[PDB]
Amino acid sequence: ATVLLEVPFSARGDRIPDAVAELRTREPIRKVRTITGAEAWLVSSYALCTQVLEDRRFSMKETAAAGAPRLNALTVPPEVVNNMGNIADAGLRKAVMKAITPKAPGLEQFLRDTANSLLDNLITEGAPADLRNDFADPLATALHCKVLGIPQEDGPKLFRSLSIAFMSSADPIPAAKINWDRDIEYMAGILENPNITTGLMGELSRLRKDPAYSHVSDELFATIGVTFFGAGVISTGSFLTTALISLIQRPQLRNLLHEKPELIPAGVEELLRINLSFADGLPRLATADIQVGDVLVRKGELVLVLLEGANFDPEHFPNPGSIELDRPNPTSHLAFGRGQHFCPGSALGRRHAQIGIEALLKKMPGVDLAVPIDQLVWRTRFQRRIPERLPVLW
């Protein structure tokens, strides 16, 4: 006898397990057990993943309900699971989007200058260089301090909450509450700081004193700063790091993008499509009995939308494991989700990766791993798949 199939399958972000294609072909919706011991429905085909993400009766908000089957323990207060919904209800959605667009004056130049300075420092120090700790993550942190309008010197401390805040744990994490409360106090101070007049926090500070937003809570304003810094920095730093591995493992593509940097945006879209940065399926709780393929999902059950299940589906993306720059449906992947909860930082994440890759290929055209690929150490029980260090030479 064997136990019910457990998720996640592997923390490695450099290869997709053969099990994904097996489940997609044989049982594209099937029962699994999560790290908490709960049962869930794992969805692995493009058609069924899109159906779940486009039906709001599969609720993100309701995954925080007490007594629900859980993918993992909350690392934020339960109301914060519905963060975007709370922002929209407060009439702040348009202002938040305008603040996080990569089109802001001087933002792209700031990204280029920061990426170039980090790379120059690595070249001065000499090989090996760690592209996660000394490139991708500081570039993501610097970008988010600029987008938020907060001091660059405050970035490293806010960043150090992330290795705990984005854990995917069976049980509550005491350190996550200590760091959450401290980071909220910091953002509350930023709202009261007269020097903070630019970026997302400068805009929220002004809207907070506008009569049209007098009843929006101070708790929500501080929460927007903590959540957008954390989600943006963990997502951009982790995606860029794993996209750099995908590129280093494809020297023909690396050489083509070095030669023709105008192809970098199409290259980043394929790197997003094949990305294995999300460690778990996206969770949703059914609020009704809903038919998904051969399964009638019952009200109160947990559904997990496996992004790599959809993104590597050959019925939607033929030769799914290959980076092809001329696909006819290039942005139809689910790397940023789909539907009600589609990533609000999609344009900024694309620009962060495009500029980081453009700068790296110009400065280090001979970039290569400095250790055999199996020697990368993959972070476990985390909401993202990332190597602890990414040692390279050039």
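Numbers follow the displayed sequence, beginning with 1.
When 202-210 is weighed against 93-101, 93-101 comes out higher, by mean CA B-factor as recorded in the entry. The mean C-alpha temperature factor is higher for 154-162 when 274-282 and 154-162 are set side by side. In the deposited coordinates, the residue among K362, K31, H352, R338 with the greatest CA B-factor is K362. When the C-alpha B-factors of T241, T223, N133, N255 are ranked from the entry, the top spot goes to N255. The deposited CA B-factor of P328 belongs to the highest third of values across its chain. Annotation for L334: CA B-factor lies in the lowest third of the chain's modelled residues. The entry lists a Cα temperature factor for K146 that places it in the middle third of the chain's modelled residues. Per the PDB record, residue ranking by Cα B-factor puts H316 in the middle third of the chain. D183: CA B factor in the middle third of modelled residues in this chain (values from the PDB entry).
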